[PDB]
Every structure is written in C-alpha cells, then in structure tokens.
Amino acid sequence: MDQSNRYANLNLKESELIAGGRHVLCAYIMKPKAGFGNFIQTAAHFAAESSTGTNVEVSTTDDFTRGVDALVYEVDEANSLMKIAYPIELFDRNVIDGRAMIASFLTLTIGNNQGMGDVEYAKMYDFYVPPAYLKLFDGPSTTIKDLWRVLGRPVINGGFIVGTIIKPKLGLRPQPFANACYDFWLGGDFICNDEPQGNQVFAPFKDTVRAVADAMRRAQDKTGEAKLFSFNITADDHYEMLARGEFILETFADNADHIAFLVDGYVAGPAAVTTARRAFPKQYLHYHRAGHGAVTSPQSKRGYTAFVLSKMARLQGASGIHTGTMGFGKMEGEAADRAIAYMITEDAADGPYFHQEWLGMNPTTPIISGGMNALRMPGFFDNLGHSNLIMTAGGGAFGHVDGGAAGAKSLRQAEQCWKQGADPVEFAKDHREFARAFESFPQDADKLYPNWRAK
Amino acid sequence: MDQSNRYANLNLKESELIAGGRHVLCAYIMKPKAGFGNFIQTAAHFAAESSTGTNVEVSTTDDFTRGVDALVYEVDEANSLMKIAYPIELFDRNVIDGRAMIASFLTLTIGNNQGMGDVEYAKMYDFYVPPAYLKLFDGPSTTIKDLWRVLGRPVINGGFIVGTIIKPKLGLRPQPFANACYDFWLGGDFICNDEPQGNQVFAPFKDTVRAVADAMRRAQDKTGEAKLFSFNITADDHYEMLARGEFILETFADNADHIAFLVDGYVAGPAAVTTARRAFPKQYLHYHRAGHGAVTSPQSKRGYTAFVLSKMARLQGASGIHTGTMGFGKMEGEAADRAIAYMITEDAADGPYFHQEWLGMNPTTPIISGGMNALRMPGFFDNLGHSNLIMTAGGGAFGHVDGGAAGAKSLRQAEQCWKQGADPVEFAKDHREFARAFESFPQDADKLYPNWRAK
Amino acid sequence: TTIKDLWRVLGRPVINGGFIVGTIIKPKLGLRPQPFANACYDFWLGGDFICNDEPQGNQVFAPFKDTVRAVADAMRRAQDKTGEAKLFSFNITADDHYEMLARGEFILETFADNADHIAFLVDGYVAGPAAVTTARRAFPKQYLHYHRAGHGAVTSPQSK
Ligand SMILES: O=C(O)[C@@](O)(COP(=O)(O)O)[C@H](O)[C@H](O)COP(=O)(O)O
Ligand SMILES: O=C(O)[C@@](O)(COP(=O)(O)O)[C@H](O)[C@H](O)COP(=O)(O)O
Ligand SMILES: [Mg+2]
Ligand SMILES: [Mg+2]
Ligand SMILES: [Mg+2]
C-alpha cells in the first residue's frame, strides 16, 4: 500500500518546522528491502508505523488523526537519508506531573519501525527537540560542578578528575576490594564499581560499602584530600535500587555528598535511570551504557548511534554518561565522537543534522573510559580540547607496575603534561609515576612514543 | 594480550557443565575483527570482558577471582560459533529478597562485549540457566489461564482469544476511542492499547480509561460475554506506572480482573517490566517489544535474537510477549520462530543450542500480532500447531470492509475454520464476515487463495 | 506459592516431589537465640523443614532479630555440612500490619541468597484473615504457612 500521499510532504521546510516549535525531528539512514516499495513509499510507511497508521487503511481514521501524522519532509535516496517530523502532541506525558518520558520518544521514533518487513535497515543519527517538549524532560539535577565543590576545586572549570574502576571486574571480596580503593585514592580522586559489581554472594553489598566507607575515611585522613566513590545500584526492582542508595548514603554519613550512583541505563532501561534521577536528585547520576554497542556500533545499520544515546541521556537526567574514548581506547570509537561531548556539555551545539538549543538545561559530564592509560591521555585531550571531565582507567591504574597508587598519579601527571603542553617523553623525565607507565604498557609506549627507552 | 590460557578451557564438556548446575551457558555467533587476535584469543578476551578481567593484567587479581572466570568451553571457527560458561556466582542478587535480576545477566553476557574494538560482531543465539539460578527469577504470576477463566473458558486448552489493537495508533479522542472498543467487543474478546497510547494531550489517560470502562460494561451487557482490555502503563517513572495501574483497577471495579497491563519492555527496559510484574502480580502482564528489531533482526549480527529475548521475558515475569507472526505478517519473521513459542509455553523445550528445564515456572503466552487478518490466520496456525494464544489484528479488524465488529468475527471464524480443518474458500461460503475479509484484503486473498472470486 | 516451590528449592520434582521432613523447635518458648539455632542445626542434619512454634517471635529472652540471625547462620552451617537445602518457616504474626512487614522484610534480607528457603507462618485464626492477607499480598513469593491455633473453639465436633 502506498501511503506517500498522506505521510510524506517534501514541500515543508526544515527551517519552518524548527521555528514552529511543534515538531520533533529525526534523521534516519534507511534502505528499503528489495521487492517492495521505493524510497518515498517505504519512508511513508515508516512514518505511518511510527505515529498514527498501520499497513492498511482503517475506517476509524479521521481528519484529526491525519493532522498529527508524522511526516517525511526530506529525503535523499542517493545518500539513504530520511527525515521525519513528529508532532509533539504524539508523545506520552506523565499523569502525575505532566512531564515527558523518553520511553515514549523511543517507542514512536525507533520502536516498531525497526521490525518492518519492507525495510532492510534504518538507524537514527540525530534528532531535534523543540522548547515546548524539551522543557518537559527532567534534565540533570547534579553535574560535575558538584563533584568539583566536594574536591575543593573551582566550580567553573574545576579541571580533570582522576578516576579508576576497581579491577578484577568481579572476584574481589569486601576487604580486598576496599584495600584497592584505599591504594588508588592515595593518588586519585574518583573510584567506581565495575558495572556488574553489586551484591554477589562472594562480595555482599552491605559488607562492601561498609569496607569502602572505612577506606574512604582512611584515605582522606592520610592524604588530607576528599575522595569520591560511585556505587552501582542497578537492579530490575525499583525498590532494590532505593534500598541500595539509601543504605549507602546513611553508611557514608558526612561523606554522603562524596557518593555517586552508577546505573546500567541501557540494559536496565530508562526506568532505572529515572529511578535514581528522581529518588536521589542530589547524588551524581553515573550513566553506564553496557550493551549499547549492539546498536550504536558503525557495523550496525539499525537502532541509533552513540550520539543519539548521549543526547537522550542528558534529557533523562544523567549527571554523566560514558561517551567512549573516541578512538584512543580499547572500544570502538572515532575522533569525531568529540561532537558527542560538546552536545551534552554545551547550552547550544550542532549534531550531524540538527542544531540543539538546551535552554539552560544542566550539562552531562563526558565520562571517558575504555582501555585508557597515562600514555593514551595526551592524544585524547588533543582531540577533545579540554579536560573538564571524569576519566576512569581500571587496567590503566591497577595495571601499573608500581601499583594502584602509582597508577593514580600516572593519570594525574598525564593530564598535567597536556595542560602544560609539554612533550610526554621530556615530561616523563621529571615525573616517575608517569615514566613508569611506559614500562607498565611497553606496547603502547612503542607505538605512541617511538624511541622512548633511549630518552 | 593473549588470555586464552586463563579464559579458555576447551577440554570442558558441555554435558558436565549442565549436570553440575553451576554455570550459565551462552552461545554466540562471533567474528574477530581483522588485524587483531585469532578466534580463540578473541573469544578469550570476550569472556574476560564479560566476567572478571579487562584488556591487561592487574596486580589485584587473586585465585578466588580466577575461580569465577567465565570460560570459553567450545568453539567452531568454521561456523563462527563460540560458547561461554558463566559461573552463577557472578550474577547480581537483590539485597531485599535475594532474587535474581535480568539486568545483571544482560550486563555480563551481552554488555560491554558489544563494544569491543577487536570484535567485528557477536550475537547471542541461546543461553542455558541451571536450577540454582532459574528458581531465583520472578517468573510469570499471571497466565492465559486467568484470561480463560474470566472469559468462562476451560482453564486447560481454553482456546483462541480473539483480539485487536485500537487503530489509529494515535489520534482518537477518549469517546471515539471507546466507541471503537465497543464495536470490536461485539464480536471479539481482547483489546489492547497501541504501544504508544497513554496520556496524550488529545486523549487524556483518565478520560480514556473511564470511557473504555464504560464501553466494557455496555459490551458485556449487550453480548452477555466477558470482555478484556490491556492498558499501556509504560512510563519512565516507576510511580507513574503505579499511578496508571491503580487508577485503572479502581475505575473498572468489578471488572478489574478483566484488565491486563501492557509494558514496552524493550525500550523502557526490564525495570519497567519488573515494576508491573511485582506491583500488579495478579494482572496479566502484556510484554510489548517495540524496538527489538534493532538487534533481533537477522540483518543484525549483534546483540541477541528474538528467541533469547522471549526466553528472558519468561524469567522476567511476562504473562505474554509478542513472538512475531513467524513470517505470515508484516514484520520480519520465519516459520522456524515457532520454536520460540514452544520455549515459552512448555515445561521442557529445545533451543538452537541448549535444552531448558523450566521446573514448573509458569508459561508466557505467545501474543501474535503484526499485519495479521482472517485470511493469513489458517496458514499461521498450521505452522504453529495450536491456537491456545492471543492474536491481535488492528488493521485486520478495523480495516474490515464492514467495520470492527465484522472484523472481530472474521478473526473468530478464521480460527474456527482451522480448528475444523475446512477449506478457507469453501468455509467462507457459509460465514459472511470471513468471506467479506476476502473483499477487505483482495491483495492477500489473491495470493493466498487464487480464484477465490469465482467461488 | 505452593509446595511446588519448596520442592524446587530442595531439588525434588516440582510435581509429586514427595515428603518434606519437618519439625517445630521445642520448647515452645524458653530457648535463647543461640541454643535455638543449635537445635535447628541438629534437626537439619537429618530433616528438611523447621518452623517456629506458633507463639515464638520477639520474646524478651529470645529477641526476634537475634534469633533470626542465629537461625540464618545455622542454615548455612547445616547446608554446608549436609550439602542439602534447608527450609525455615518464621512466625511473623502481629496485630500491627507494619510489624508483620518489618519482620518479613528483615528475614528475607538476613537470609540473602537463602531467601527462597523461607516460609512465613501466620496464626490466621487468632490474628484473623487480615493478618493472612497481609502476608499473602506483601510476600506472595514466600510460602505462606497458615497456623490455625484457637480454631478448636468452633471446629471441634464437641462444638455445635
Ligand atoms: O569494563 C570496562 O571495560 C570498563 O570498566 C573500562 O575498564 P578499563 O579501564 O580496564 O579499560 C568500562 O565499563 C568500559 O570502558 C565501558 O565502555 P564505554 O566507556 O565505551 O561505554
Ligand atoms: O503497531 C503495530 O504494528 C501492532 O499493533 C500491530 O498492528 P496491526 O495488527 O494493525 O498490523 C503491534 O504493536 C506490532 O505487531 C508489534 O510487532 P511485533 O509483534 O512483531 O513485535
Ligand atoms: Mg567496566
Ligand atoms: Mg502496536
Ligand atoms: Mg506449636
């Protein structure tokens, strides 16, 4: 069935749709399946399955329904580009507070349309939210601004937060776990659970937070500096998440504002992110995206990109989200991913297709992690352009030849080397922990800094 | 770094791992990326990133950690097959009730490993859960038995539940919405919100619930038969979901056990499914999987299959889940998808790689939907083998030439034709509504029943 | 919840799983927390199921939380010794709905990975259906052990 006459109107101007403030815009890279309709016909059915229609005509459709149709307003078959405008009245709102829910945005814009039989693949690369809809999202209530204040840093451009993940990913019992935290905090600022750490039978939850809380006090008394920890409170059950958060804040007591909450937002879902965002709005929400690569990978032509994921996370209320190492780490990523960081940190930024005004919505910190170490940091900061962020290096810290404490300092000195604009090799001659990272990761040192042993 | 000696033990026998009952087994179709390690090396790193390790050695690892390593126990590079055994001590448990959470299972078995830069793609096709771990999942609390009992049907093999989705997907105001519910209920059993219908400004939630409630009373008074409705309560906020469900049950009063709750479990996440499962255990939980096609599609070689998704849904507590039309509808699907239905309905069933014993865990109803109508139904039931299920036809019902009421009866008569083993064309000679479905969908009638006009 | 769910924990067939060997901790009252747990350990060496005697709860000589923690420890010791799963049914009866919740919530949390080994005993006759429903609707996935103390006042054939 050809529904292009109804669900496609290419005469609409994107600039007039934006100025109207009545439409969410989505840009897709789509390819029709062979043996069905052409590009515009497929894009039309795509819009029908994403708003008001199905695959056949129904007697219950009226002129009002047609008024809220999602409309294909731009196509470019040569580049497989498809843009669709969704009237904002389509998106579901809370009965309790009239606010928006990202779950409805996902259901319409990238839900059933991912299973259509007449489409080979379709992936969202960008979207635009107008003010009337943008302001209905929670946004972040805590930012890096609040971590800086705890660390004693300036609340404007407070700078780099040295971080790590406790490794092994799983296996450490409570006290060995806390001993590693104490070691790293002797030279570092931030520690977080590895995404799956929680209440394993060999490392009970409450036993572990108590041991970490003791380590934090010991590290703070020893170094005279404040230390931060991010606990994983992900769970299927809403009330399990609350129980973990409430116990943590109470146990850490006067160090409760040193605590962040980690959520595996992708596999647990927006509901888990919103649970932590609204239950603990004054606790830095640490968005972990394990599993995102199933759709975000460039190898995938379905779902949505990491850019789309990061932009959505800011609406959900993530204080910080993993944005990837941008090609400098062990995970898939590219240097152009720095545009993701600007989109979630700035009040105004450009996506691959749409410019976004955030209207003073709080920024989401870009959390850098994934095979990072002191040797890989200078090049990363060169690509991004700033270091007002959190970086966690698990293997990069506890894989240091001289231990986690030395690993912590190697990250500190690496960012100081970039801030000073110094040559890493020459800078290492006066910074032992940074120099020892070359011996800790000789393969990386050989590729990044040829002939480093000779200097 | 080569980690095959630690994270690979191909001398392990799958039959002993199963008999031991101490390991979750996962089968993946994996392909290493060019320019890195061979197959066993990639599979070993894959297992490390999915349990206890990272991409480098760390000083904190002890023997206890090594004991809980996930182990590659079987490979077949020719077919890109990789099997991994996850010790069940790795998976997180609730502090409040010590039960399992699917979020932990997803984070480890299909989380970070989807973003590994040394892997081109990896997709889970099957998994095995031993008794010690299986019995810790919620499982369904409400089944089709309870819908049959409300309909007055036998609680064993109660038969086919004629259903539909209110179309248009969006745009109907409260009372027009309810009028369409009444029309279909005159010949059908089951009606559900379309996945995005909820609290749109043009169709307020409470006004729609009240109008549908009145429609149910009018239809039951008119037909003398019980009627069912499945309301979408999906939301980011746990408390929004409770608010919608509590209001529905109070409004419907003595028809409260006629209510099912629909959840967009894929975009909202397991947390949303669990909210409905645990807050409303005695309300049929209707799992909707909008967005799943981004990973489950055979066009995708990442994430997991629809079989994996359905099996998890049964553990999560879904009373029913969409299993696709198995190639007979408008969405992607194949005839072999009937194995998904058997896996969620039987106490013992075979997956593509692992046999599963469910130990009496309640079944999940296979909900058939997606471009279905009376003409396509006989073929679908021949491939499945039974009709003890829910089938919803939005366009197939309200697209009927004579309206939703006649469309409802066409679906009823379509299954009666299959139960009687009659020829559709000949059966239509004595069943008006079914015959008029040929006129409603002539393109389908021409392909499925050549020369139907002459008879 | 049904005996099916106790059979599953014990490793029995979920249909016709067979006989569950059980006892009540005697004395009915008087045992202090650790002697109470020591009796639980002894029986579990040969049995499956243990329940509070109907009035056992939070007596001054046997505080509730201390007894729950000691019984929880005994269950691990007996399961680690025998290699078999063990079950316990705690009395959570109380006039105050929120007392019943407090008790049940603390038990499940304390037993942790053995939480599915726990049943909840309710003196349904003297406490009433309201107490039964509290346990039924607050803890649907915990075996509800209905104790009928006091029923003999009306059910006895001597009564008309
Ligand atoms: O498990 C891991 O691999 C990490 O803890 C990094 O460990 P290392 O520091 O040892 O590399 C992070 O979870 C990933 O970086 C997530 O990827 P991303 O940030 O791209 O979402
Ligand atoms: O929006 C729709 O398209 C449907 O209401 C079907 O409508 P029609 O009956 O009118 O076609 C269902 O939500 C999809 O079938 C879900 O797909 P699946 O079950 O494959 O996950
Ligand atoms: Mg990690
Ligand atoms: Mg639908
Ligand atoms: Mg007694």
# chains A, B, ... in the order shown; residues from 1 in each chain; ligands from 1

call {"tool": "interface_residues", "arguments": {"of": "chain C", "to": "chain B", "cutoff": "9 Å", "atoms": "only C-alpha atoms", "output": "PyMOL selection string"}}
result
chain C and resi 4-5+8-9+11+13-15+105-116+140-141

call {"tool": "closest_atom_pairs", "arguments": {"of": "chain B", "to": "ligand 4", "cutoff": "8 Å", "atoms": "only C-alpha atoms and all ligand atoms", "output": "JSON lines"}}
result
{"residue": "B:165", "atom": "CA", "partner": "ligand 4", "partner_atom_place_in_ligand_line": "1 (Mg)", "distance": 6.7}
{"residue": "B:169", "atom": "CA", "partner": "ligand 4", "partner_atom_place_in_ligand_line": "1 (Mg)", "distance": 7.0}
{"residue": "B:193", "atom": "CA", "partner": "ligand 4", "partner_atom_place_in_ligand_line": "1 (Mg)", "distance": 7.6}
{"residue": "B:194", "atom": "CA", "partner": "ligand 4", "partner_atom_place_in_ligand_line": "1 (Mg)", "distance": 4.3}
{"residue": "B:195", "atom": "CA", "partner": "ligand 4", "partner_atom_place_in_ligand_line": "1 (Mg)", "distance": 4.8}
{"residue": "B:196", "atom": "CA", "partner": "ligand 4", "partner_atom_place_in_ligand_line": "1 (Mg)", "distance": 7.6}
{"residue": "B:290", "atom": "CA", "partner": "ligand 4", "partner_atom_place_in_ligand_line": "1 (Mg)", "distance": 7.8}
{"residue": "B:370", "atom": "CA", "partner": "ligand 4", "partner_atom_place_in_ligand_line": "1 (Mg)", "distance": 7.9}

call {"tool": "select_by_dssp", "arguments": {"residues": "range 137-216 of chain A", "states": "alpha helix (DSSP H)", "output": "PyMOL selection string"}}
result
chain A and resi 144-151+174-185+205-216

call {"tool": "write_last_selection", "arguments": {"atoms": "C-alpha atoms", "output": "mmCIF file, in the first residue's frame"}}
result
data_model
loop_
_atom_site.group_PDB
_atom_site.id
_atom_site.type_symbol
_atom_site.label_atom_id
_atom_site.label_comp_id
_atom_site.auth_asym_id
_atom_site.auth_seq_id
_atom_site.Cartn_x
_atom_site.Cartn_y
_atom_site.Cartn_z
ATOM 1 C CA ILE A 144 30.471 17.840 37.636
ATOM 2 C CA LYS A 145 30.039 21.247 39.280
ATOM 3 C CA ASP A 146 29.002 19.369 42.429
ATOM 4 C CA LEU A 147 31.928 16.927 42.324
ATOM 5 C CA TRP A 148 34.367 19.838 41.985
ATOM 6 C CA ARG A 149 32.871 21.543 45.041
ATOM 7 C CA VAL A 150 33.423 18.390 47.112
ATOM 8 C CA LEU A 151 37.020 18.091 45.883
ATOM 9 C CA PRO A 174 34.788 -6.925 50.525
ATOM 10 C CA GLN A 175 38.093 -6.172 52.255
ATOM 11 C CA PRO A 176 40.409 -6.856 49.287
ATOM 12 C CA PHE A 177 38.018 -4.631 47.335
ATOM 13 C CA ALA A 178 38.331 -1.798 49.865
ATOM 14 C CA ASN A 179 42.119 -2.191 50.077
ATOM 15 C CA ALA A 180 42.355 -1.457 46.348
ATOM 16 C CA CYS A 181 40.152 1.614 46.805
ATOM 17 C CA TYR A 182 42.416 2.947 49.557
ATOM 18 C CA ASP A 183 45.529 2.404 47.425
ATOM 19 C CA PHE A 184 44.204 4.294 44.398
ATOM 20 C CA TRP A 185 42.758 7.145 46.469
ATOM 21 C CA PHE A 205 26.588 -5.411 49.036
ATOM 22 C CA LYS A 206 26.340 -4.043 52.576
ATOM 23 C CA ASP A 207 29.620 -5.661 53.639
ATOM 24 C CA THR A 208 31.362 -3.989 50.702
ATOM 25 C CA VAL A 209 30.017 -0.446 51.126
ATOM 26 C CA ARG A 210 30.975 -0.553 54.810
ATOM 27 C CA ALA A 211 34.520 -1.601 53.893
ATOM 28 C CA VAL A 212 34.750 1.057 51.173
ATOM 29 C CA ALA A 213 33.376 3.690 53.557
ATOM 30 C CA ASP A 214 36.145 2.819 56.016
ATOM 31 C CA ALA A 215 38.728 3.033 53.227
ATOM 32 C CA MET A 216 37.460 6.476 52.198
#

call {"tool": "residues_near_ligand", "arguments": {"ligand": "ligand 5", "cutoff": "10 Å", "atoms": "only C-alpha atoms and all ligand atoms", "output": "PyMOL selection string"}}
result
chain C and resi 23-29+51-56+147-149

call {"tool": "write_last_selection", "arguments": {"atoms": "N, CA, C and O atoms", "output": "short mmCIF file (atom, residue, chain, number, x, y, z; two decimals), in the first residue's frame"}}
result
data_model
loop_
_atom_site.label_atom_id
_atom_site.label_comp_id
_atom_site.auth_asym_id
_atom_site.auth_seq_id
_atom_site.Cartn_x
_atom_site.Cartn_y
_atom_site.Cartn_z
N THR C 23 9.85 -30.26 61.54
CA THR C 23 9.66 -30.24 62.98
C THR C 23 9.37 -28.82 63.43
O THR C 23 9.48 -27.86 62.66
N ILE C 24 8.99 -28.70 64.70
CA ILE C 24 8.86 -27.43 65.38
C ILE C 24 9.93 -27.37 66.46
O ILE C 24 10.22 -28.38 67.11
N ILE C 25 10.52 -26.19 66.65
CA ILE C 25 11.52 -26.04 67.69
C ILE C 25 10.83 -26.09 69.05
O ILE C 25 10.01 -25.22 69.38
N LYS C 26 11.15 -27.11 69.83
CA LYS C 26 10.70 -27.21 71.20
C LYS C 26 11.89 -26.99 72.13
O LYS C 26 13.02 -27.34 71.78
N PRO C 27 11.69 -26.42 73.33
CA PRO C 27 10.49 -25.88 73.97
C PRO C 27 9.70 -24.88 73.12
O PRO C 27 10.28 -24.16 72.30
N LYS C 28 8.38 -24.86 73.32
CA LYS C 28 7.53 -23.88 72.65
C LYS C 28 8.04 -22.47 72.90
O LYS C 28 8.07 -21.64 71.99
N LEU C 29 8.45 -22.18 74.13
CA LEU C 29 9.13 -20.94 74.47
C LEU C 29 10.15 -21.25 75.55
O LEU C 29 9.98 -22.20 76.32
N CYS C 51 10.01 -24.92 61.60
CA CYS C 51 9.15 -23.77 61.77
C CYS C 51 9.20 -23.31 63.22
O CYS C 51 9.45 -24.11 64.13
N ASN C 52 8.98 -22.02 63.43
CA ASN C 52 8.75 -21.53 64.78
C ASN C 52 7.55 -22.26 65.37
O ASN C 52 6.60 -22.59 64.66
N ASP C 53 7.60 -22.52 66.67
CA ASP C 53 6.36 -22.80 67.37
C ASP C 53 5.48 -21.56 67.30
O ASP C 53 5.97 -20.43 67.26
N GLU C 54 4.17 -21.77 67.28
CA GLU C 54 3.25 -20.70 66.89
C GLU C 54 3.45 -19.40 67.67
O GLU C 54 3.26 -18.32 67.08
N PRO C 55 3.81 -19.41 68.96
CA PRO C 55 3.97 -18.14 69.68
C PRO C 55 5.37 -17.55 69.66
O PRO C 55 5.55 -16.43 70.14
N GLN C 56 6.36 -18.26 69.11
CA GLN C 56 7.73 -17.77 69.10
C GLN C 56 7.85 -16.55 68.19
O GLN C 56 7.40 -16.57 67.04
N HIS C 147 -1.09 -21.19 60.30
CA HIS C 147 -1.29 -21.87 61.57
C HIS C 147 -2.66 -21.47 62.13
O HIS C 147 -3.03 -20.30 62.09
N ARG C 148 -3.39 -22.45 62.65
CA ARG C 148 -4.80 -22.27 62.99
C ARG C 148 -5.07 -22.34 64.49
O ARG C 148 -6.18 -22.67 64.91
N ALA C 149 -4.07 -22.01 65.31
CA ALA C 149 -4.24 -22.06 66.76
C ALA C 149 -5.51 -21.33 67.18
O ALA C 149 -5.81 -20.24 66.68
#

call {"tool": "residues_near_ligand", "arguments": {"ligand": "ligand 2", "cutoff": "9 Å", "atoms": "only C-alpha atoms and all ligand atoms", "output": "ChimeraX atom specification"}}
result
/A:49-50,53-56,58,111-113,115-116 /B:164-169,192-196,288-293,321-326,329-333,367-373,391-399

call {"tool": "atom_distance", "arguments": {"atom1": "CA of residue 375 in chain B", "atom2": "CA of residue 449 in chain B"}}
result
8.6 Å

call {"tool": "decode", "arguments": {"residues": "range 278-303 of chain B", "atoms": "N, CA, C and O atoms", "output": "CSV table (one decimal), in the first residue's frame"}}
result
chain,number,residue,atom,x,y,z
B,278,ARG,N,5.8,-7.0,39.8
B,278,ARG,CA,5.8,-7.1,41.2
B,278,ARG,C,4.7,-6.2,41.8
B,278,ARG,O,4.2,-6.6,42.9
B,279,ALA,N,4.4,-5.1,41.2
B,279,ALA,CA,3.3,-4.3,41.8
B,279,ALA,C,1.9,-4.8,41.5
B,279,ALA,O,1.0,-4.6,42.3
B,280,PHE,N,1.8,-5.5,40.4
B,280,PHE,CA,0.5,-6.0,40.0
B,280,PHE,C,0.6,-7.4,39.5
B,280,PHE,O,0.4,-7.8,38.4
B,281,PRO,N,1.0,-8.3,40.4
B,281,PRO,CA,1.2,-9.7,40.1
B,281,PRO,C,0.0,-10.4,39.6
B,281,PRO,O,0.1,-11.4,38.8
B,282,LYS,N,-1.2,-10.0,40.0
B,282,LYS,CA,-2.4,-10.7,39.7
B,282,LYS,C,-3.1,-10.0,38.5
B,282,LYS,O,-4.3,-10.3,38.2
B,283,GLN,N,-2.4,-9.1,37.7
B,283,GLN,CA,-2.9,-8.6,36.5
B,283,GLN,C,-2.0,-9.1,35.4
B,283,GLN,O,-0.8,-9.0,35.5
B,284,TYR,N,-2.6,-9.7,34.3
B,284,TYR,CA,-1.9,-10.2,33.2
B,284,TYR,C,-0.9,-9.2,32.7
B,284,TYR,O,-1.3,-8.1,32.3
B,285,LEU,N,0.4,-9.5,32.6
B,285,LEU,CA,1.4,-8.6,32.2
B,285,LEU,C,1.7,-8.9,30.7
B,285,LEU,O,2.2,-9.9,30.3
B,286,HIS,N,1.3,-7.9,29.9
B,286,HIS,CA,1.4,-7.9,28.4
B,286,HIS,C,2.7,-7.3,28.0
B,286,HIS,O,2.8,-6.0,28.0
B,287,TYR,N,3.7,-8.1,27.7
B,287,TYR,CA,5.0,-7.6,27.3
B,287,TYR,C,5.0,-7.2,25.8
B,287,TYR,O,4.8,-8.1,24.9
B,288,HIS,N,5.2,-5.9,25.5
B,288,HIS,CA,5.4,-5.4,24.2
B,288,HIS,C,6.8,-5.1,23.9
B,288,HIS,O,7.5,-4.5,24.8
B,289,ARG,N,7.3,-5.5,22.7
B,289,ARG,CA,8.8,-5.4,22.5
B,289,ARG,C,9.1,-4.4,21.4
B,289,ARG,O,10.1,-4.7,20.6
B,290,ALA,N,8.4,-3.3,21.3
B,290,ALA,CA,8.7,-2.3,20.3
B,290,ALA,C,10.2,-1.9,20.4
B,290,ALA,O,10.7,-1.7,21.5
B,291,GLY,N,10.9,-1.8,19.2
B,291,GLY,CA,12.3,-1.5,19.1
B,291,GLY,C,13.2,-2.7,19.1
B,291,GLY,O,14.4,-2.6,18.8
B,292,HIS,N,12.7,-3.9,19.4
B,292,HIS,CA,13.5,-5.1,19.5
B,292,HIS,C,14.2,-5.4,18.2
B,292,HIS,O,15.4,-5.9,18.1
B,293,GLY,N,13.6,-5.1,17.0
B,293,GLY,CA,14.1,-5.4,15.7
B,293,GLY,C,15.5,-4.8,15.5
B,293,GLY,O,16.1,-5.2,14.5
B,294,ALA,N,15.9,-3.8,16.3
B,294,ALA,CA,17.3,-3.2,16.1
B,294,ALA,C,18.4,-4.2,16.3
B,294,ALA,O,19.5,-4.0,15.9
B,295,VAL,N,18.1,-5.3,17.1
B,295,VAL,CA,19.2,-6.3,17.4
B,295,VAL,C,18.7,-7.7,17.0
B,295,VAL,O,19.5,-8.5,16.5
B,296,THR,N,17.4,-8.0,17.1
B,296,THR,CA,17.0,-9.4,16.9
B,296,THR,C,16.9,-9.7,15.4
B,296,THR,O,17.0,-10.9,15.0
B,297,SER,N,16.8,-8.7,14.5
B,297,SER,CA,16.6,-9.0,13.1
B,297,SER,C,17.8,-9.8,12.6
B,297,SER,O,19.0,-9.6,13.0
B,298,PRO,N,17.6,-10.8,11.7
B,298,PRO,CA,18.7,-11.5,11.1
B,298,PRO,C,19.6,-10.6,10.3
B,298,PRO,O,20.8,-10.9,10.1
B,299,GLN,N,19.1,-9.4,9.9
B,299,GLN,CA,20.0,-8.4,9.3
B,299,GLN,C,21.0,-7.9,10.3
B,299,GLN,O,22.1,-7.4,9.9
B,300,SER,N,20.8,-8.0,11.6
B,300,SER,CA,21.7,-7.7,12.6
B,300,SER,C,22.5,-8.9,13.0
B,300,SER,O,22.0,-10.0,13.2
B,301,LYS,N,23.8,-8.7,13.1
B,301,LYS,CA,24.7,-9.8,13.7
B,301,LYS,C,25.2,-9.4,15.1
B,301,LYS,O,26.3,-9.9,15.5
B,302,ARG,N,24.5,-8.5,15.8
B,302,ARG,CA,24.9,-8.1,17.1
B,302,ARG,C,23.8,-8.3,18.1
B,302,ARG,O,22.6,-8.7,17.7
B,303,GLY,N,24.1,-8.1,19.4
B,303,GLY,CA,23.1,-8.3,20.4
B,303,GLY,C,22.6,-9.7,20.6
B,303,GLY,O,23.4,-10.6,20.9
